[PDB]
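As structure tokens, the structure follows; a few thoughts come after it.
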Amino acid sequence: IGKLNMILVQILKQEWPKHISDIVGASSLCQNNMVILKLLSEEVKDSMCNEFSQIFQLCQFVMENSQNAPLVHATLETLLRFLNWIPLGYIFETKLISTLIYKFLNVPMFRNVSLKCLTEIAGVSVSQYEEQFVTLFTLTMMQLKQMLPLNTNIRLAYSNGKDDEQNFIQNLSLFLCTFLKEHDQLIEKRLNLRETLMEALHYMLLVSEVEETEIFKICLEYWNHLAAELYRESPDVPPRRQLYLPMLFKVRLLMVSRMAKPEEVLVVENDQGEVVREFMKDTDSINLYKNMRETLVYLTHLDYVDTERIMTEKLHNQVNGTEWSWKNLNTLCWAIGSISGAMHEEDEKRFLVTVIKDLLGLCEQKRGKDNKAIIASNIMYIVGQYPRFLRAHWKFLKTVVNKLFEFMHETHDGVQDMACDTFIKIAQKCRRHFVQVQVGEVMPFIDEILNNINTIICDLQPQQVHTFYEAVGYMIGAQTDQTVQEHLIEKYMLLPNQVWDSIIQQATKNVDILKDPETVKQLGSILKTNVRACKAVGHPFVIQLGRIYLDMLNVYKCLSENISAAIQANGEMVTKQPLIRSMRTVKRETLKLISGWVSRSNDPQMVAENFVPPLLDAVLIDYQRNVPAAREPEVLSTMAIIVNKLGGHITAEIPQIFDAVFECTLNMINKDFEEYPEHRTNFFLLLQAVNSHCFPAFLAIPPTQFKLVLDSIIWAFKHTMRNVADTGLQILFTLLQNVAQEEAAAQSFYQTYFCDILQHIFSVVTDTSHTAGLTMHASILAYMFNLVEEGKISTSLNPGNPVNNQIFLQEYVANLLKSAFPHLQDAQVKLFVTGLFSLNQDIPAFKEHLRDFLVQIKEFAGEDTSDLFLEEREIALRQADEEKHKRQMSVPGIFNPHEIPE
């Protein structure tokens, strides 16, 4: 009856660790006891682990003397669960390995469970018990060779085998992988065990051929581990490498054959037999590609010549049609592109010359349209990942760019997108080579591209047009000479400028044209193109922005008027219409363009003098008057960026910005979280920017608005979600630091808000709802305690009567703690508060003392304290990730050339 099992599980859930005794009474209920132990193991450091000796003894006794196969099986799983907790002496001394490796591992009924148990034992890493580990692997290999001989075709067996056989293959792969990852070096030192190690490697190779993804992942883990270990030994032949040389070439050949699809490839063959664009993706694919690239890079570093020979031979076979196939070409080209940094430059020159020549020759050979789509994708993937080769050879750069322009006219879904992406990759990495007169050219290549820009882009859709314009913009940013850079920019934005001028000329005589959907779409596209061009070029783009500034804001105002009129005359439902969304998109792109240029600018005086006033006039009032659904969140982000950049030059306009934007947005955020997420983020970014750079503004706004600001900050760090709470802590700490630098303002602020902030912070801390930010709470509390202790406050906090601030604040904190935790005794709280004050000058000690207090309170309350140490665990994880990243950065080729800073 499962009801009894569920009742037992519930009883175990009732803090069993705090309070195996049942199985001590074990005597056909033995299988029931085993199932109960399995459930307990699922429910579950050193939780009286010595008591697990009872479980092991029962398991041994049942295993040795019981003939009931189901009972033995259930005991086998029960033992499998507890091998990680039973003391190592029992497993490594009580004849455990021998009994199941002999009696059960050969029996088909227990083969899977027995192998799984052996896998768990092999995973235990211990300095001693070396002889036991050696016996385990030497004995297991011989036993499994009898049933699964090395000559068996594991690929076919798994393909046609039943579930049991597939499970056995998976278990064998896991066992070999884990043991070798843990104890391979022990076997290598035994001279007589060379053949057994060779047989294990052979087994790993054969299993790798299995098509199923999980088995290949298991094998790839071990291959990556081995490749990493060999490479780190020595980036004569070293000892360990000399032992693995015969098998390395087979592993390399297998790895090249089965390479996974990179993310940069947007066109993939569909299993129906046709080539279609990529429309499905899985997080597992990225991890698989990362692991395969890492392993292949390590193997390439171990031997350049073999890798080059293998790839050249495969490519040559592809060219002559001996083994022509889409899958083979795809895998080979992905492998070639995935080692883009491993080889030295000198050898990379030859390899890439041959590869590019062969691929270009092959492109003109095949005739099918689908064939050119597959071939073209590989061509534009290889070249995209080898900017170093292109920068050195002008002819190949010219040829590849021309070929990309040719592919831009292909009438296929993914080829055009890949061509634009690869053009961005090439231009962004080879800037200076386009704006210079090369050896064999009469004028810079940028001039050729610009003069024929109309013909190149005729077949591209708007997104691809924007991508191409960004790519070309990256090329103009490298023209150092401003006198020529301005001419390049003027010729660069000629077509969008013509369309914009035509639209504005039409509007000037009949404003109704702005309501035509086609005109709105055209304006949106032009604004998107300008945004991308500004993102690429950078500061020198001001010439275009200054050209289209006033007209852009006039269009913004007209669109705002039209949308407001529509919403007013037909309600808030109209915001869902297509035309209204297009108009809002136009407004959004205007704001994004302004924000981008301002963030890239470096002349605050000119920006404040020329650009800010019209923007404020056009934007501020419209945001205030619009209904909550029609308010654009990008206004807050733009204002935050302008405040961050201009700093003191805009502090005089902060009162206007808050009067128009502040209170309206606050009422929109606090009522309910999910209503307006983006508005919240932008609003807090703007508030943080103002607090950091233009603090004196807070003294200019009326005191009621400052009260609202403080209420918003308080609501920020009392929120449930973490990130908004962290932002609130940061803003509050910065505000406390800033206010202390002004004499009268400091006294007024302390007298008005000092106690409330302490009360709120203590309420947050005691409730233990934001343990992630305990460090910030400690920092703020220490800061305020230092302020009071040093006498920086010249007026009594208590308004009833003058009194020393120290005594009053200590009593106040004691009262706060007593109310939060009524069971506390007076002396305990008094001592805690007395000790806390003395540590206000040492933030780590303050934090540790506060955490100790909370820990003891929780332990008395009987609540888990794990969450109270979240910061340390997060720091440990971050440090581990940083160390892993640092280690990889030292190995060329693991990171794409587009990921390494340059």
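Residues 127-145, 150-157, 162-178, 195-385, 401-1067, in that order, are what chain A shows, numbered as in Swiss-Prot.
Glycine is treated like the rest: Cβ placed from N, Cα and C.
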Position flagged as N6-acetyllysine [Swiss-Prot], chosen from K266, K563, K594, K693: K693
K446, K957, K1012 - residue that Swiss-Prot labels as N6-acetyllysine: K446
Phosphoserine according to Swiss-Prot, picked from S277, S934, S1031: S1031
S1031 (phosphoserine) versus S450 (phosphoserine) - Cα distance in angstrom: 34
Closest of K446, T448, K693 to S1031 (phosphoserine), Cα positions, modified residues only: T448
Neighbour tally for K693 (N6-acetyllysine), based on other Cβ positions within 10 Å of its Cβ: 22
Other parts of the chain folded back onto the repeat 'HEAT 9' (917-954), taken as Cβ under 8 Å at six or more residues beyond its ends: 875, 879, 882-883, 885, 887, 890-891, 894-895, 897-898, 901-902, 905, 962, 970-971, 974, 977-978, 981-982, 985-986, 1001-1002, 1004-1006, 1008, 1011-1012, 1015-1016, 1019, 1023, 1032-1033, 1035-1036, 1039
Position of peak Cβ density within 10 Å, selected from the modified residues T448, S450, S1031: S450
Tertiary contacts of the repeat 'HEAT 7' (775-813), as residues 6+ beyond its ends and Cβ separation under 8 Å: 711, 714-715, 718, 721-722, 725, 728-729, 732, 737, 740, 749, 752-753, 756-757, 759-760, 763-764, 766, 769, 819, 821-822, 825-826, 829-830, 833, 841, 843-844, 847-848, 850-851, 853-855, 857-859
Remote residues contacting the repeat 'HEAT 2' (241-277) - C-beta distance under 8 A, at least 6 residues beyond either end: 206, 210, 213-214, 219, 222-223, 226-227, 229-230, 233-234, 283, 285-287, 289-290, 293-294, 296-297, 314, 317-318, 321-322, 324-325, 328-329, 332-333
Distance in angstrom, CA of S157 to CA of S162, with 4 unmodelled residues intervening: 9
Cα separation, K693 (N6-acetyllysine) to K446 (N6-acetyllysine) (Å, whole number): 27
